[PDB]
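Student: From the sequence below, what's the structure:
(chains A and B, ligands or ions: 1)
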2 protein chains.
Amino acid sequence: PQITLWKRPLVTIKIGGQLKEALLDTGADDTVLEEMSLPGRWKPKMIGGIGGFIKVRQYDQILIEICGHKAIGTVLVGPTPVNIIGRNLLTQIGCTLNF
Amino acid sequence: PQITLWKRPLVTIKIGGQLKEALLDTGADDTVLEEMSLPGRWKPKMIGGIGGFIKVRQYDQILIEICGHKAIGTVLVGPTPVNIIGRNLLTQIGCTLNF
Ligand SMILES: COc1ccc(S(=O)(=O)N(CC(C)C)C[C@@H](O)[C@H](Cc2ccccc2)n2cc(COC(=O)N[C@@H]3c4ccccc4C[C@H]3O)nn2)cc1
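Tutor: Residues are numbered from 1 along each chain as shown, chains lettered A, B, ... in the order given. The relevant structure is shown in the block below.
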């Protein structure tokens, strides 16, 4: 579908058998979720944004369904104040910007 | 035009008679630029992101040209590490998300 930007581009995602809401975010290279229960191993990480840096857990090859589109890829989990879908998954679901 | 997300969606902008590069960013409600010389009055402000909060200067009704599309609107200026175009201007240039 097409989505306009008069409101936040929020979508429903399924990950780890849990349902969540997340922001389609073209300015994020990576996908970052608030703390949640995930299975398997993780690598410790740091990412920066406006405001300063956060330590996150990098999870690889995780399956995620994004407004019904499956994707598999890296998901970082940590103190973000908003669930964010970044370019690493946006490309896999065929998402593009048009103006 | 259409832009895919395998790379950062960076565009050229003109603002205050200066040329800059900026990130098309669907997860930003507002437009935020690194420190720059702007004319006229500004209001003091605070915005939050991943990482913590920043104080910014809110400038209103500023003209900005975004990859050749004019827009007029609020522009926040401050310690952001990347020039960001947010939804308040993305809608004015007719930008949309498609998947
Ligand atoms: C009040 O109006 C606002 C306008 C913008 C923002 S935002 O914080 O800038 N925002 C939303 C966010 C809090 C989820 C937009 C978001 O796309 C930003 C863009 C950004 C990126 C880098 C610096 C400042 C702004 N965003 C992106 C990410 C996650 O980013 C990454 O995937 N990692 C890269 C990375 C990793 C280490 C160091 C620097 C960077 C730059 C990144 O592109 N978090 N927020 C908040 C309020």
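
Student: which bits of chain A sit near the ligand?
Tutor: By the rule Cβ under 6 Å from any ligand atom, the part of chain A lying against the ligand is A:25, A:27-30, A:32, A:47-50, A:82, A:84, A:86. Backbone N, C-alpha and C define where each C-beta goes, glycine included.

Student: Nearest to residue B:70 among those?
Tutor: When those are ranked by distance to residue B:70 (Cβ to Cβ), residue A:27 comes first, at 21.6 Å.

Student: Leaving out chain neighbours, which residue sits closest to that closest one?
Tutor: Of all residues not flanking residue A:27 in the chain, residue B:25 sits nearest, at 3.0 Å (Cβ to Cβ, 6 or more residues apart in numbering or on different chains).

Student: same question, residue A:14
Tutor: residue A:65 (4.1 Å).

Student: And whichever strand or helix holds the one you found, how far out from the chain middle?
Tutor: Secondary structure from DSSP states H and E places residue A:65 in strand A:52-66. How far strand A:52-66 lies from its chain's middle: 7 Å, per Cα atoms, centre = their mean, to the nearest Å.

Student: Check which residues of it are buried.
Tutor: A:54, A:56-59, A:62, A:64, A:66 (16 or more other Cβ atoms under 10 Å in any protein chain shown).

Student: Turn those residues into JSON lines, including distance to residue A:72.
Tutor: Listed next are the buried residues of strand A:52-66 as JSON lines, based on distance: Cβ to Cβ, whole Å:
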{"residue": "A:54", "distance to residue A:72": "24"}
{"residue": "A:56", "distance to residue A:72": "19"}
{"residue": "A:57", "distance to residue A:72": "17"}
{"residue": "A:58", "distance to residue A:72": "15"}
{"residue": "A:59", "distance to residue A:72": "11"}
{"residue": "A:62", "distance to residue A:72": "7"}
{"residue": "A:64", "distance to residue A:72": "8"}
{"residue": "A:66", "distance to residue A:72": "11"}
